[PDB]
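Take a look at the structure below.
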Amino acid sequence: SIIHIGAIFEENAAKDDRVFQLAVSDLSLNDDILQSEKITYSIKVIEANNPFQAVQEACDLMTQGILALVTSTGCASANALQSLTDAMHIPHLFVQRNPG
Amino acid sequence: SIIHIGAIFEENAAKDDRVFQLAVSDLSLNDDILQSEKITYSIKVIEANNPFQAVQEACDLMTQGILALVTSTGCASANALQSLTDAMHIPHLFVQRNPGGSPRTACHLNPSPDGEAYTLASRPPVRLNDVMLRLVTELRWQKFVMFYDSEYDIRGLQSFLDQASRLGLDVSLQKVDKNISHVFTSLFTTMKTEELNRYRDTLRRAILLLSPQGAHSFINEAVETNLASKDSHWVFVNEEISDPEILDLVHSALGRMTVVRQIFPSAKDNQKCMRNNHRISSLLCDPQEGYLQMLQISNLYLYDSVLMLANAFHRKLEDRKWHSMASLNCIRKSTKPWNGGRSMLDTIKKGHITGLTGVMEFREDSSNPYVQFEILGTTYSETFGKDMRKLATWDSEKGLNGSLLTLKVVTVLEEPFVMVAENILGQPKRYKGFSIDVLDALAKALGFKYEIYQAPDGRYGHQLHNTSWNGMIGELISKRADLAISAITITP
Amino acid sequence: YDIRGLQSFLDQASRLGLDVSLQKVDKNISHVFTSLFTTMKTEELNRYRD
Amino acid sequence: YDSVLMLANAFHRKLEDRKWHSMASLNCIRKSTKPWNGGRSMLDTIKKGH
């Protein structure tokens, strides 16, 4: 198999990606346990506090079949996602966006 | 042409699954422009706070074609259905859910420009920082209380918490339980009795902001706990209360009250409940049992949402346009839109009818601000009952047209100041002297009282070499009494 | 940030007799004190200042 | 970043368990969805992490 996870971030998603993509990059350089596979990521950027774009940008990720999900969005981007991740059993490590 | 509409109503969809076709039947029956046309509907009853459960109920009905969507949901669960109606250009009729008739709270949404209101809130707005600024001025307030339950989003008049610093008055603010017995439990056990009676006399000016049901359970018991002896005012203004539970509050009350709901002139007659050649089902045009007082706000905002559609779809039949939404996955970003939605945006936002709720205009940011009450009021009296008299009328146009004790006394020894004057079988009975006559002058013109306590020290309590006060002073400080009003030796 | 984030301190500043008085803060205080001078009089300004 | 550290730790503990499963590709707009049946013992691996 392979590891494939989801990564959807609220605006501004630039320094969400400054942390995420470089954090995932240094993993395979040094680890001996996740060397038999590789963590595959695909960033899907949505609107500000819109869960509908999170649904449309995540249905392709389940058409990609993600195992987990990395979210940094506000409280107005999780009610459809909490009603979605209870269906797919996905660990939804939700972290609230600081509003400015 | 596939003439289908969706309508998703979450918990509780009970009157949503009862009252809904009281107009839909009369649509298919009594409309002449939609005669030689076919009329359908939808009724969903799904579980509450479930947006993605409603997504497979919305992505499945989008395959069937939807011309207008009527919802009753909340803030966090409908930003998806807000942004669903932007690309396909679909109307989105909406009611804010509340449990039992408690107040409401508006929402906060995406950083999109103003003008697009596919989502429209049918419910009347919170104009209530204004009416609070009325009554903090027009009804002689300086020090008072307000309340709220566990089950309402408390941020409704959090704005009004801010002018409160600017005027200079004082408010008290506590949460109401979901058990009335737990309220009196914490108010008789968990506190200080002196602080209780302080708070109780503060509670003589108090405000609940609640449903008309658990508050009705509370208030008459709060009366029955003797929190009102003669009169003071307690306030709530709402949009719905049945006339018996009005009287079961305020005829079970002699004091000053506030019971305000929402009124509209309706029509007694057939061919007078008619807009756009369609019937308004009401008590006066469909009389039922238990329906003299069926006063939920969602009645007129659903029968008039019917008539607001019945104006517009007749106009759309005149618009000579049709487009059927096809079967689709809602994974798409560049979806297939509906071309008729621009006219459907304009025959509804600029669409309006004048009926038994007045005039229903619309703005471009999910609001109908127009609303008008009337207010019947009474004070404390016994010569006419607590029957009602008009004292005000509010509207969004003009504002409010028409406008608006045993105490803790410990005492000292030495009878040549104040004596135990009487000592009877079982009781040292009456205690007379100088400050007793002062207490007589206090008690005389009010009917307010005292409780005389003995200090057998008679200390004239002194600052010790103990950082404390012997005898009497330090236990006023330790607050087993709070007044020792007597001949007291004057030391700084 | 909302009042629902600190709901019960209303109810406990209540219980200790602690005098609650809020004002919501907008964007710039440069916009704030100007509107405090233009709208208010000086009694509610400087009495409540102390 | 702590959510990257905890999940990569749960990746290492899952391969330390020497069992693996991966989530299937699906369009969940359908009612026909397969729930991820290994949602508890791996959840026991992730809840007890530090």
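Chain B is numbered as in Swiss-Prot, which gives 22-425, 437-524 for the residues shown.
Looking at the header, which is where the method is noted, we find electron microscopy, 8.1 Å.
Any Cβ shown, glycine's included, is placed from N, Cα and C.
Now, the feature entries from Swiss-Prot:
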| type | residues | note |
| --- | --- | --- |
| DISULFID | B:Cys80-B:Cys351 | disulfide bond |
| DISULFID | B:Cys96-B:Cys128 | disulfide bond |
| DISULFID | B:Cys294-B:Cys306 | disulfide bond |
| CARBOHYD | B:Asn131 | N-linked glycosylation site |
| CARBOHYD | B:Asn200 | N-linked glycosylation site |
| CARBOHYD | B:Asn422 | N-linked glycosylation site |
| CARBOHYD | B:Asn498 | N-linked glycosylation site |
| SITE | B:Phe73 | site 'Essential for dimerization' |
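Feature map: Swiss-Prot annotations on the structure.
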residue: B:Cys80; record: disulfide bond; Cβ contacts under 8 Å, 6 or more apart: B:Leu349, B:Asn350, B:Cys351
residue: B:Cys96; record: disulfide bond; Cβ contacts under 8 Å, 6 or more apart: B:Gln117, B:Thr126, B:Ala127, B:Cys128, B:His129, B:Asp174
residue: B:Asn131; record: N-linked glycosylation site; Cβ contacts under 8 Å, 6 or more apart: B:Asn100, B:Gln103, B:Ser104
residue: B:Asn200; record: N-linked glycosylation site; Cβ contacts under 8 Å, 6 or more apart: none
residue: B:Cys294; record: disulfide bond; Cβ contacts under 8 Å, 6 or more apart: B:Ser287, B:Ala288, B:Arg300, B:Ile301, B:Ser302, B:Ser303, B:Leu305, B:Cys306, B:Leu377
residue: B:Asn422; record: N-linked glycosylation site; Cβ contacts under 8 Å, 6 or more apart: B:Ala413, B:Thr414, B:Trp415, B:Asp416
residue: B:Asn498; record: N-linked glycosylation site; Cβ contacts under 8 Å, 6 or more apart: none
Measure the Cβ-based neighbour count of B:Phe73 (site 'Essential for dimerization'), defined as the other Cβ atoms within 10 Å of its Cβ.
23
Quick one: of B:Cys80, B:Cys294, B:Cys351, B:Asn498, which recorded positions have a CB closer than 8 A to some CB in chain D?
B:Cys80, B:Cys351
Return the recorded positions from the list B:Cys80, B:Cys128, B:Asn200, B:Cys294, B:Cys306, B:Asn498 for which some CB of chain A is under 8 Å from the residue's own CB; sequence order; 'none' if the set is empty.
none
Among the disulfide-bonded residues B:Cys128, B:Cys306, B:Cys351, which residue has the fewest other Cβ atoms within 10 Å of its own Cβ?
B:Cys128
For B:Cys294 (disulfide bond): DSSP state (helix, strand, coil):
coil
